[PDB]
């Protein structure tokens, strides 16, 4: 059961949960309502189990891609922003939180992976994926490593799979065709094949993860990483002189990172729907509230127009938007959960040699996405 006269907010560990707590304490001062911010693990999996029963947090933060499945499960209170509120945010960020004609969450910020590089180790970063092997060989002679990024989560490898023609679900009227999967087409095979080639030649490791890759770049042992704006705060701390820049091309085609819209939904079983609406519209989506959060750990290109005009000055945010333009907004449909689960098995297996690239993502299309779609939609 959720307590009336209180807000509990859930956001991911990698985001600025402490800045958001400052917006919490400001809210507390004005209204008397205590705001408790939490960053539990496997947040996106924990919210559905907990909220369906009883009852979870009042407000949930995640990128938009998971919110269709949440609305479809009945978990999100349909929001009620008026026209004046809407026009303070960029039209395409509203689109990412629209589902069956209705808005279901407030959009916060636009997240896109970029190439992050060490200027001292690598003044002039490589423009292409094809240049990386040779660079790694040149850096292995001096004890260091060319590129180290998270290979456990498909969000990070996707830019390379999509680069040459791969895609999740086709767009369409539309409308996304869940029968038309672009995950065993030639562009994906080519992107994943290239990735597994880097791993066969000892240029990357299969079992590199978010922690390991961050530690590596931040302690000056890698020339390059691939991360989002949330990670800039800790590179700042490490003192590594770094730059954020366009993702490398593959066969001359831009890397196409899936673009996420950090979003806030109101739990459907919360008795504090108004307090939540007040919190999000009047405290968070202000220059001042988005400042507090952005200063803990940056959001990227925020959805609020007035504050974005101050942030577009940052070269590192111009690079984030450069990369987002080259990419595609993520679908928000419910079958994204299924899609993500399956793709994560395929890539891990392909990357570890358990299967070949052609086997891994032939199984994916032919059975795993549909099997997982059916498993998610059946109860377990």
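Positions refer to the first chain, counted from 1.
In this entry, 44-52 has the higher mean Cα B-factor, the comparison being between 328-336 and 44-52. The deposited model assigns a higher average Cα B-factor to 235-243 than to the other stretch when 147-155 and 235-243 are compared. The entry assigns its greatest Cα B factor, within the set 281, 87, 209, 130, to 87.
In this PDB entry, residue 289 carries a Cα temperature factor that places it within the middle third of its chain's modelled residues. Per the PDB record, residue ranking by Cα B-factor puts residue 350 in the middle third of the chain. For residue 358, the recorded CA temperature factor ranks within the middle third of the chain's modelled residues. Per the deposited record, the Cα B-factor of residue 123 falls in the highest third when ranked against the other modelled residues of its chain. Among the modelled residues of its chain, residue 69 has a C-alpha B-factor that falls in the lowest third, as given in the PDB entry.
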